[PDB]
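Asks: For reference, this is my_file37.cif, and it has mmCIF, N, CA and C atoms.
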```
data_target
loop_
_atom_site.group_PDB
_atom_site.id
_atom_site.type_symbol
_atom_site.label_atom_id
_atom_site.label_comp_id
_atom_site.auth_asym_id
_atom_site.auth_seq_id
_atom_site.Cartn_x
_atom_site.Cartn_y
_atom_site.Cartn_z
ATOM 1 N N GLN A 491 -12.557 -4.693 2.224
ATOM 2 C CA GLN A 491 -11.443 -5.246 1.463
ATOM 3 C C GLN A 491 -10.958 -4.277 0.391
ATOM 4 N N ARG A 492 -11.884 -3.641 -0.322
ATOM 5 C CA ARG A 492 -11.491 -2.684 -1.350
ATOM 6 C C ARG A 492 -10.756 -1.511 -0.717
ATOM 7 N N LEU A 493 -11.222 -1.086 0.453
ATOM 8 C CA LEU A 493 -10.570 -0.012 1.184
ATOM 9 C C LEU A 493 -9.169 -0.440 1.581
ATOM 10 N N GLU A 494 -9.017 -1.699 1.988
ATOM 11 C CA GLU A 494 -7.696 -2.239 2.278
ATOM 12 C C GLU A 494 -6.811 -2.131 1.046
ATOM 13 N N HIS A 495 -7.365 -2.459 -0.119
ATOM 14 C CA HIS A 495 -6.596 -2.329 -1.351
ATOM 15 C C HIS A 495 -6.148 -0.889 -1.516
ATOM 16 N N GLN A 496 -7.054 0.048 -1.255
ATOM 17 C CA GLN A 496 -6.717 1.459 -1.377
ATOM 18 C C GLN A 496 -5.637 1.820 -0.374
ATOM 19 N N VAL A 497 -5.731 1.284 0.838
ATOM 20 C CA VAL A 497 -4.758 1.585 1.880
ATOM 21 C C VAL A 497 -3.373 1.142 1.435
ATOM 22 N N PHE A 498 -3.274 -0.070 0.898
ATOM 23 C CA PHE A 498 -1.955 -0.558 0.522
ATOM 24 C C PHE A 498 -1.537 -0.018 -0.836
ATOM 25 N N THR A 499 -2.447 0.659 -1.536
ATOM 26 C CA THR A 499 -2.040 1.443 -2.694
ATOM 27 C C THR A 499 -1.566 2.819 -2.257
ATOM 28 N N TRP A 500 -2.049 3.275 -1.104
ATOM 29 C CA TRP A 500 -1.545 4.514 -0.532
ATOM 30 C C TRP A 500 -0.144 4.265 -0.008
ATOM 31 N N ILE A 501 0.058 3.075 0.555
ATOM 32 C CA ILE A 501 1.374 2.673 1.032
ATOM 33 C C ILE A 501 2.304 2.545 -0.161
ATOM 34 N N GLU A 502 1.842 1.827 -1.187
ATOM 35 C CA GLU A 502 2.662 1.476 -2.340
ATOM 36 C C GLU A 502 2.905 2.684 -3.234
ATOM 37 N N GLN A 503 2.223 3.794 -2.961
ATOM 38 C CA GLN A 503 2.466 5.050 -3.660
ATOM 39 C C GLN A 503 3.619 5.847 -3.085
ATOM 40 N N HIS A 504 4.091 5.556 -1.877
ATOM 41 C CA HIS A 504 5.215 6.283 -1.298
ATOM 42 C C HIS A 504 6.437 5.376 -1.240
ATOM 43 N N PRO A 505 7.163 5.243 -2.354
ATOM 44 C CA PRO A 505 8.297 4.309 -2.381
ATOM 45 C C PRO A 505 9.451 4.755 -1.503
ATOM 46 N N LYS A 506 9.515 6.043 -1.157
ATOM 47 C CA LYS A 506 10.617 6.543 -0.346
ATOM 48 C C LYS A 506 10.487 6.030 1.074
ATOM 49 N N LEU A 507 9.350 5.422 1.380
ATOM 50 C CA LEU A 507 9.021 4.864 2.680
ATOM 51 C C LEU A 507 9.247 3.359 2.649
ATOM 52 N N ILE A 508 9.975 2.893 3.657
ATOM 53 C CA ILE A 508 10.476 1.522 3.737
ATOM 54 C C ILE A 508 9.604 0.675 4.655
ATOM 55 N N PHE A 509 8.283 0.875 4.587
ATOM 56 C CA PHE A 509 7.351 0.059 5.363
ATOM 57 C C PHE A 509 7.796 -1.390 5.322
ATOM 58 N N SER A 510 8.411 -1.860 6.400
ATOM 59 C CA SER A 510 8.808 -3.255 6.426
ATOM 60 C C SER A 510 7.593 -4.159 6.246
ATOM 61 N N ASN A 511 7.879 -5.437 6.017
ATOM 62 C CA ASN A 511 6.821 -6.431 5.888
ATOM 63 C C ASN A 511 6.026 -6.558 7.178
ATOM 64 N N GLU A 512 6.706 -6.491 8.324
ATOM 65 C CA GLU A 512 6.013 -6.648 9.597
ATOM 66 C C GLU A 512 4.986 -5.540 9.814
ATOM 67 N N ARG A 513 5.344 -4.291 9.535
ATOM 68 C CA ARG A 513 4.352 -3.238 9.702
ATOM 69 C C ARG A 513 3.207 -3.407 8.708
ATOM 70 N N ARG A 514 3.515 -3.870 7.494
ATOM 71 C CA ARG A 514 2.456 -4.143 6.529
ATOM 72 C C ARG A 514 1.503 -5.237 6.992
ATOM 73 N N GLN A 515 2.021 -6.318 7.580
ATOM 74 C CA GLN A 515 1.144 -7.338 8.152
ATOM 75 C C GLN A 515 0.314 -6.739 9.278
ATOM 76 N N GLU A 516 0.938 -5.912 10.117
ATOM 77 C CA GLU A 516 0.201 -5.279 11.202
ATOM 78 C C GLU A 516 -0.980 -4.509 10.642
ATOM 79 N N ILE A 517 -0.730 -3.709 9.612
ATOM 80 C CA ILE A 517 -1.782 -2.914 8.993
ATOM 81 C C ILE A 517 -2.854 -3.828 8.422
ATOM 82 N N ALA A 518 -2.424 -4.902 7.765
ATOM 83 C CA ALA A 518 -3.359 -5.856 7.185
ATOM 84 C C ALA A 518 -4.295 -6.378 8.260
ATOM 85 N N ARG A 519 -3.716 -6.794 9.383
ATOM 86 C CA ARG A 519 -4.489 -7.366 10.473
ATOM 87 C C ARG A 519 -5.407 -6.333 11.092
ATOM 88 N N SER A 520 -4.904 -5.117 11.274
ATOM 89 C CA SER A 520 -5.713 -4.070 11.873
ATOM 90 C C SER A 520 -6.935 -3.772 11.016
ATOM 91 N N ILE A 521 -6.752 -3.728 9.696
ATOM 92 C CA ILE A 521 -7.894 -3.603 8.799
ATOM 93 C C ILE A 521 -8.822 -4.801 8.900
ATOM 94 N N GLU A 522 -8.264 -6.009 8.931
ATOM 95 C CA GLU A 522 -9.092 -7.209 8.932
ATOM 96 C C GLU A 522 -10.073 -7.215 10.100
ATOM 97 N N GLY A 523 -9.674 -6.640 11.233
ATOM 98 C CA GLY A 523 -10.529 -6.574 12.408
ATOM 99 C C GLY A 523 -11.214 -5.247 12.636
ATOM 100 N N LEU A 524 -11.753 -4.631 11.593
ATOM 101 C CA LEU A 524 -12.375 -3.327 11.747
ATOM 102 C C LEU A 524 -13.751 -3.430 12.395
ATOM 103 N N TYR A 525 -13.915 -2.690 13.490
ATOM 104 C CA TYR A 525 -15.177 -2.474 14.192
ATOM 105 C C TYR A 525 -15.588 -3.708 14.985
ATOM 106 N N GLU A 526 -14.873 -4.814 14.797
ATOM 107 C CA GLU A 526 -15.033 -5.968 15.673
ATOM 108 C C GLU A 526 -13.970 -5.964 16.758
ATOM 109 N N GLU A 527 -12.764 -5.527 16.409
ATOM 110 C CA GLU A 527 -11.664 -5.468 17.360
ATOM 111 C C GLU A 527 -11.260 -4.013 17.559
ATOM 112 N N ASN A 528 -10.957 -3.303 16.478
ATOM 113 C CA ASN A 528 -10.420 -1.962 16.621
ATOM 114 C C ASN A 528 -11.083 -1.051 15.604
ATOM 115 N N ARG A 529 -11.478 0.137 16.048
ATOM 116 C CA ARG A 529 -12.034 1.092 15.110
ATOM 117 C C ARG A 529 -10.931 1.535 14.153
ATOM 118 N N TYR A 530 -11.290 2.360 13.166
ATOM 119 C CA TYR A 530 -10.250 2.828 12.259
ATOM 120 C C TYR A 530 -9.189 3.648 12.973
ATOM 121 N N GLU A 531 -9.533 4.265 14.108
ATOM 122 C CA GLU A 531 -8.600 5.205 14.715
ATOM 123 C C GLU A 531 -7.274 4.534 15.029
ATOM 124 N N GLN A 532 -7.312 3.243 15.373
ATOM 125 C CA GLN A 532 -6.085 2.549 15.748
ATOM 126 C C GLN A 532 -5.270 2.212 14.510
ATOM 127 N N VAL A 533 -5.950 2.181 13.370
ATOM 128 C CA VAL A 533 -5.283 1.899 12.110
ATOM 129 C C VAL A 533 -4.572 3.147 11.652
ATOM 130 N N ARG A 534 -5.327 4.208 11.443
ATOM 131 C CA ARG A 534 -4.691 5.427 11.004
ATOM 132 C C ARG A 534 -3.708 5.930 12.054
ATOM 133 N N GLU A 535 -3.898 5.573 13.332
ATOM 134 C CA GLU A 535 -2.921 5.931 14.351
ATOM 135 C C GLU A 535 -1.598 5.241 14.093
ATOM 136 N N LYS A 536 -1.642 3.977 13.677
ATOM 137 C CA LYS A 536 -0.380 3.303 13.382
ATOM 138 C C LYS A 536 0.214 3.775 12.061
ATOM 139 N N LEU A 537 -0.627 4.033 11.063
ATOM 140 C CA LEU A 537 -0.128 4.635 9.831
ATOM 141 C C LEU A 537 0.592 5.944 10.140
ATOM 142 N N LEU A 538 -0.019 6.783 10.975
ATOM 143 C CA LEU A 538 0.607 8.039 11.361
ATOM 144 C C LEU A 538 1.838 7.801 12.216
ATOM 145 N N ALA A 539 1.867 6.708 12.975
ATOM 146 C CA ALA A 539 3.064 6.361 13.728
ATOM 147 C C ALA A 539 4.227 6.118 12.783
ATOM 148 N N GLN B 491 -22.856 17.794 28.209
ATOM 149 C CA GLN B 491 -22.224 18.901 28.920
ATOM 150 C C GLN B 491 -21.141 18.398 29.872
ATOM 151 N N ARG B 492 -21.466 17.370 30.660
ATOM 152 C CA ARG B 492 -20.519 16.827 31.626
ATOM 153 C C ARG B 492 -19.306 16.263 30.912
ATOM 154 N N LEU B 493 -19.540 15.621 29.773
ATOM 155 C CA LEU B 493 -18.479 14.991 29.013
ATOM 156 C C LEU B 493 -17.565 16.043 28.423
ATOM 157 N N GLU B 494 -18.129 17.138 27.921
ATOM 158 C CA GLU B 494 -17.279 18.205 27.415
ATOM 159 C C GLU B 494 -16.442 18.786 28.542
ATOM 160 N N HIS B 495 -17.046 18.940 29.722
ATOM 161 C CA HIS B 495 -16.284 19.390 30.882
ATOM 162 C C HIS B 495 -15.153 18.424 31.207
ATOM 163 N N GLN B 496 -15.465 17.129 31.234
ATOM 164 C CA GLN B 496 -14.472 16.094 31.485
ATOM 165 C C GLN B 496 -13.387 16.090 30.418
ATOM 166 N N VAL B 497 -13.786 16.256 29.160
ATOM 167 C CA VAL B 497 -12.854 16.230 28.041
ATOM 168 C C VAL B 497 -11.852 17.353 28.199
ATOM 169 N N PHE B 498 -12.353 18.552 28.457
ATOM 170 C CA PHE B 498 -11.462 19.687 28.600
ATOM 171 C C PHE B 498 -10.625 19.567 29.862
ATOM 172 N N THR B 499 -11.170 18.976 30.926
ATOM 173 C CA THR B 499 -10.346 18.725 32.102
ATOM 174 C C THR B 499 -9.164 17.827 31.765
ATOM 175 N N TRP B 500 -9.425 16.710 31.083
ATOM 176 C CA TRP B 500 -8.340 15.818 30.686
ATOM 177 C C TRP B 500 -7.388 16.539 29.745
ATOM 178 N N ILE B 501 -7.954 17.344 28.854
ATOM 179 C CA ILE B 501 -7.177 18.180 27.949
ATOM 180 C C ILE B 501 -6.257 19.071 28.764
ATOM 181 N N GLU B 502 -6.839 19.690 29.783
ATOM 182 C CA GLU B 502 -6.195 20.692 30.612
ATOM 183 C C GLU B 502 -5.290 20.076 31.663
ATOM 184 N N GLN B 503 -5.334 18.757 31.848
ATOM 185 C CA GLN B 503 -4.393 18.192 32.804
ATOM 186 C C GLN B 503 -2.976 18.271 32.262
ATOM 187 N N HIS B 504 -2.824 18.587 30.979
ATOM 188 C CA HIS B 504 -1.512 18.771 30.366
ATOM 189 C C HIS B 504 -1.565 20.118 29.652
ATOM 190 N N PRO B 505 -1.497 21.205 30.423
ATOM 191 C CA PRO B 505 -1.596 22.571 29.880
ATOM 192 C C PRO B 505 -0.509 22.976 28.899
ATOM 193 N N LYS B 506 0.642 22.325 29.040
ATOM 194 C CA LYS B 506 1.835 22.530 28.227
ATOM 195 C C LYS B 506 1.652 22.507 26.711
ATOM 196 N N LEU B 507 0.867 21.591 26.153
ATOM 197 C CA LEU B 507 0.618 21.631 24.719
ATOM 198 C C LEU B 507 -0.119 22.896 24.303
ATOM 199 N N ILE B 508 0.298 23.417 23.149
ATOM 200 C CA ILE B 508 -0.126 24.688 22.565
ATOM 201 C C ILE B 508 -1.478 24.434 21.923
ATOM 202 N N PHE B 509 -2.508 25.158 22.349
ATOM 203 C CA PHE B 509 -3.795 24.994 21.689
ATOM 204 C C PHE B 509 -4.173 26.261 20.943
ATOM 205 N N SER B 510 -4.331 26.138 19.629
ATOM 206 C CA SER B 510 -4.802 27.249 18.823
ATOM 207 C C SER B 510 -6.293 27.460 19.047
ATOM 208 N N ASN B 511 -6.744 28.683 18.776
ATOM 209 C CA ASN B 511 -8.173 28.955 18.817
ATOM 210 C C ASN B 511 -8.914 28.020 17.871
ATOM 211 N N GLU B 512 -8.292 27.711 16.732
ATOM 212 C CA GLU B 512 -8.859 26.745 15.798
ATOM 213 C C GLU B 512 -8.991 25.339 16.377
ATOM 214 N N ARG B 513 -7.970 24.815 17.064
ATOM 215 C CA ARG B 513 -8.149 23.470 17.607
ATOM 216 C C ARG B 513 -9.246 23.426 18.665
ATOM 217 N N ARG B 514 -9.282 24.419 19.547
ATOM 218 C CA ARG B 514 -10.328 24.445 20.561
ATOM 219 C C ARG B 514 -11.710 24.616 19.940
ATOM 220 N N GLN B 515 -11.834 25.480 18.931
ATOM 221 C CA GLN B 515 -13.112 25.644 18.247
ATOM 222 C C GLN B 515 -13.519 24.349 17.561
ATOM 223 N N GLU B 516 -12.545 23.628 17.008
ATOM 224 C CA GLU B 516 -12.830 22.338 16.395
ATOM 225 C C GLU B 516 -13.353 21.357 17.428
ATOM 226 N N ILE B 517 -12.731 21.334 18.606
ATOM 227 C CA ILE B 517 -13.201 20.458 19.672
ATOM 228 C C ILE B 517 -14.616 20.842 20.081
ATOM 229 N N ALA B 518 -14.891 22.145 20.145
ATOM 230 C CA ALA B 518 -16.241 22.594 20.466
ATOM 231 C C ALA B 518 -17.238 22.124 19.418
ATOM 232 N N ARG B 519 -16.883 22.270 18.142
ATOM 233 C CA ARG B 519 -17.750 21.813 17.066
ATOM 234 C C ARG B 519 -18.019 20.321 17.172
ATOM 235 N N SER B 520 -16.966 19.534 17.386
ATOM 236 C CA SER B 520 -17.136 18.091 17.464
ATOM 237 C C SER B 520 -18.010 17.705 18.645
ATOM 238 N N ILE B 521 -17.749 18.286 19.815
ATOM 239 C CA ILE B 521 -18.500 17.881 20.994
ATOM 240 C C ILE B 521 -19.947 18.309 20.843
ATOM 241 N N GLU B 522 -20.176 19.474 20.237
ATOM 242 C CA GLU B 522 -21.526 20.014 20.190
ATOM 243 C C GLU B 522 -22.433 19.128 19.349
ATOM 244 N N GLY B 523 -21.941 18.678 18.198
ATOM 245 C CA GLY B 523 -22.739 17.879 17.295
ATOM 246 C C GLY B 523 -22.473 16.393 17.340
ATOM 247 N N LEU B 524 -22.272 15.799 18.512
ATOM 248 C CA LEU B 524 -21.934 14.384 18.535
ATOM 249 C C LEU B 524 -23.149 13.524 18.201
ATOM 250 N N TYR B 525 -22.930 12.526 17.348
ATOM 251 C CA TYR B 525 -23.947 11.565 16.928
ATOM 252 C C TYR B 525 -25.038 12.189 16.062
ATOM 253 N N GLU B 526 -25.003 13.511 15.861
ATOM 254 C CA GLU B 526 -25.904 14.128 14.890
ATOM 255 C C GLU B 526 -25.154 14.590 13.650
ATOM 256 N N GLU B 527 -23.874 14.928 13.797
ATOM 257 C CA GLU B 527 -23.088 15.354 12.649
ATOM 258 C C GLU B 527 -21.811 14.534 12.557
ATOM 259 N N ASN B 528 -21.219 14.168 13.693
ATOM 260 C CA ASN B 528 -19.997 13.384 13.643
ATOM 261 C C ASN B 528 -19.838 12.586 14.932
ATOM 262 N N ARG B 529 -19.200 11.430 14.793
ATOM 263 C CA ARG B 529 -18.859 10.534 15.884
ATOM 264 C C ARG B 529 -17.799 11.165 16.780
ATOM 265 N N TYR B 530 -17.599 10.570 17.961
ATOM 266 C CA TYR B 530 -16.624 11.109 18.904
ATOM 267 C C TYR B 530 -15.212 10.881 18.402
ATOM 268 N N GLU B 531 -15.036 9.893 17.527
ATOM 269 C CA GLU B 531 -13.712 9.575 17.029
ATOM 270 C C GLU B 531 -13.049 10.800 16.431
ATOM 271 N N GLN B 532 -13.817 11.635 15.725
ATOM 272 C CA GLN B 532 -13.210 12.793 15.081
ATOM 273 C C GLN B 532 -12.509 13.675 16.106
ATOM 274 N N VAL B 533 -12.969 13.624 17.353
ATOM 275 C CA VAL B 533 -12.275 14.289 18.452
ATOM 276 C C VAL B 533 -10.962 13.587 18.762
ATOM 277 N N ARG B 534 -11.022 12.266 18.906
ATOM 278 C CA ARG B 534 -9.831 11.495 19.213
ATOM 279 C C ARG B 534 -8.769 11.585 18.127
ATOM 280 N N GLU B 535 -9.164 11.691 16.856
ATOM 281 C CA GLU B 535 -8.138 11.876 15.837
ATOM 282 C C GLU B 535 -7.333 13.139 16.094
ATOM 283 N N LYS B 536 -8.017 14.249 16.355
ATOM 284 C CA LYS B 536 -7.334 15.524 16.515
ATOM 285 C C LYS B 536 -6.553 15.595 17.819
ATOM 286 N N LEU B 537 -7.077 15.006 18.893
ATOM 287 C CA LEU B 537 -6.291 14.994 20.119
ATOM 288 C C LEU B 537 -5.027 14.171 19.931
ATOM 289 N N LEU B 538 -5.146 12.956 19.402
ATOM 290 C CA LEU B 538 -3.929 12.182 19.247
ATOM 291 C C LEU B 538 -3.019 12.847 18.227
ATOM 292 N N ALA B 539 -3.596 13.606 17.294
ATOM 293 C CA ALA B 539 -2.798 14.391 16.361
ATOM 294 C C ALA B 539 -1.926 15.399 17.086
#
```
What does the file become when written as structure tokens?
Replies:
Amino acid sequence: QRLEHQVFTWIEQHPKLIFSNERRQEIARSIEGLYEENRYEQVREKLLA
Amino acid sequence: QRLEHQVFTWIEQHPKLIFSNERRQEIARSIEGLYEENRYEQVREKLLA
């Protein structure tokens, strides 16, 4: 959870980026299911997307 | 050994992408020390990169 906070502080640090709400929910969900559903690679893969 | 062969075969099925000596050496480093120094994911990050 703290890492999630850091992730969305990394997001919230780039205001020039218009991360819609939907992509933010996607990221939230991808974090919520770490190592039970998807490893981190799918998370940072979408961030990089 | 077989997996590194397989990895490079899959790598090599698309010869078109430019591989630096550094990227290949990185792949060698990752494959050589799997589960003793780093997980296989570190390979997948760089390939998808």
Asks: Enclose the full set of atoms of segment 513-524 of chain A listed in the file within a box whose edges lie along x, y and z, apply 5 Å of padding to each of the six sides, and report centre and edge lengths in Å to one decimal as AutoDock Vina command-line options.
Replies:
```
--center_x -4.2 --center_y -5.1 --center_z 9.6 --size_x 29.1 --size_y 14.5 --size_z 16.1
```
Asks: Grab the atom N of residue 530 of chain A to atom N of residue 494 of chain A distance for me, in Å with one decimal place.
Replies: 12.1 Å
Asks: Return as a PyMOL selection string the residues belonging to chain B that are within 8 Å of chain A, counting only N, CA and C atoms.
Replies: chain B and resi 531+534-535+538
Asks: Would you write out, as number ranges by chain, every residue that the PyMOL selection byres (((chain B and resi 513-527 and name CA) around 9) and name CA) captures in this file?
Replies: B: 491, 493-494, 509-512, 528-530, 532-533, 536-537
Asks: For the full set of C-alpha atoms taken in order, report to one decimal the RMSD after fitting chain A onto chain B.
Replies: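 The C-alpha RMSD comes out at 0.9 Å.
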Asks: If you run DSSP on this backbone, which residues of chain A come out as alpha helix (DSSP H), and could you give them as a VMD selection string?
Replies: chain A and resid 492 to 502 511 to 522 530 to 538
Asks: What is the atom CA of residue 508 of chain B to atom C of residue 539 of chain A distance in Å?
Replies: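 We find that atom CA of residue 508 of chain B and atom C of residue 539 of chain A lie 21.4 Å from each other.
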Asks: Can you tell me how far atom C of residue 507 of chain B sits from atom CA of residue 507 of chain A, in Å to one decimal?
Replies: 29.6 Å
Asks: Would you mind completing segment 502-518 of chain A so that it carries N, CA, C and O atoms, and writing it out as a compact mmCIF listing (two decimals), in the coordinates of the input?
Replies:
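Saved result, result.txt, follows:
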```txt
# COMPACT_ATOMS: atom_id res chain seq x y z
N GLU A 502 1.84 1.83 -1.19
CA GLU A 502 2.66 1.48 -2.34
C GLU A 502 2.90 2.68 -3.23
O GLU A 502 3.73 2.62 -4.15
N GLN A 503 2.22 3.79 -2.96
CA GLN A 503 2.47 5.05 -3.66
C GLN A 503 3.62 5.85 -3.08
O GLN A 503 4.09 6.76 -3.77
N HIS A 504 4.09 5.56 -1.88
CA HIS A 504 5.22 6.28 -1.30
C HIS A 504 6.44 5.38 -1.24
O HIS A 504 6.74 4.78 -0.20
N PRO A 505 7.16 5.24 -2.35
CA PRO A 505 8.30 4.31 -2.38
C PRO A 505 9.45 4.76 -1.50
O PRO A 505 10.28 3.92 -1.13
N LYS A 506 9.52 6.04 -1.16
CA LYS A 506 10.62 6.54 -0.35
C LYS A 506 10.49 6.03 1.07
O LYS A 506 11.41 6.18 1.89
N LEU A 507 9.35 5.42 1.38
CA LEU A 507 9.02 4.86 2.68
C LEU A 507 9.25 3.36 2.65
O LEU A 507 8.79 2.65 1.75
N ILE A 508 9.98 2.89 3.66
CA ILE A 508 10.48 1.52 3.74
C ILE A 508 9.60 0.68 4.66
O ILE A 508 10.12 -0.12 5.44
N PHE A 509 8.28 0.88 4.59
CA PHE A 509 7.35 0.06 5.36
C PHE A 509 7.80 -1.39 5.32
O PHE A 509 7.59 -2.08 4.32
N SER A 510 8.41 -1.86 6.40
CA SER A 510 8.81 -3.26 6.43
C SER A 510 7.59 -4.16 6.25
O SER A 510 6.44 -3.73 6.32
N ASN A 511 7.88 -5.44 6.02
CA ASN A 511 6.82 -6.43 5.89
C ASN A 511 6.03 -6.56 7.18
O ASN A 511 4.81 -6.74 7.15
N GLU A 512 6.71 -6.49 8.32
CA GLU A 512 6.01 -6.65 9.60
C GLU A 512 4.99 -5.54 9.81
O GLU A 512 3.86 -5.80 10.26
N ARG A 513 5.34 -4.29 9.54
CA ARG A 513 4.35 -3.24 9.70
C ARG A 513 3.21 -3.41 8.71
O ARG A 513 2.05 -3.13 9.03
N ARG A 514 3.52 -3.87 7.49
CA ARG A 514 2.46 -4.14 6.53
C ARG A 514 1.50 -5.24 6.99
O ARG A 514 0.29 -5.10 6.84
N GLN A 515 2.02 -6.32 7.58
CA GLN A 515 1.14 -7.34 8.15
C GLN A 515 0.31 -6.74 9.28
O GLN A 515 -0.87 -7.06 9.43
N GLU A 516 0.94 -5.91 10.12
CA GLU A 516 0.20 -5.28 11.20
C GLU A 516 -0.98 -4.51 10.64
O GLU A 516 -2.10 -4.61 11.15
N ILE A 517 -0.73 -3.71 9.61
CA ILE A 517 -1.78 -2.91 8.99
C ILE A 517 -2.85 -3.83 8.42
O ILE A 517 -4.06 -3.58 8.56
N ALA A 518 -2.42 -4.90 7.76
CA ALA A 518 -3.36 -5.86 7.18
C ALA A 518 -4.30 -6.38 8.26
O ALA A 518 -5.52 -6.39 8.10
```
